[PDB]
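In my numbering, the protein residues as written are 461 to 491. Take a look at the structure below.
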């Protein structure tokens, strides 16, 4: 599932989630 911008998403250097096309995960959220 794609994470929403002002939602929640962590990007650990081993495995991370993915936002919807257009948004990119950042500081435990998406932008």
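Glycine included, every Cβ here is placed at the ideal spot set by N, Cα and C.
Requested in this report: Determine the direct distance from the alpha carbon of residue 465 to that of residue 479, and round the result to whole angstroms.
Outcome: 7 Å
Query raised in the report: Out of curiosity, what's the CA-to-CA distance linking residue 496 and residue 491?
Result: Within the shown structure, residues of the chain are numbered from 461 to 491, placing residue 496 beyond reach of any answer.
Query raised in the report: Who are the Cβ neighbours of residue 484 in its own chain at under 7 Å, not counting the five residues just before and after it?
Result: 490 and 491
Query raised in the report: Hey, how far is the Cα of residue 519 from the Cα of residue 472?
Result: Lying outside 461 to 491, the shown extent of the chain, residue 519 is not represented and no answer is given.
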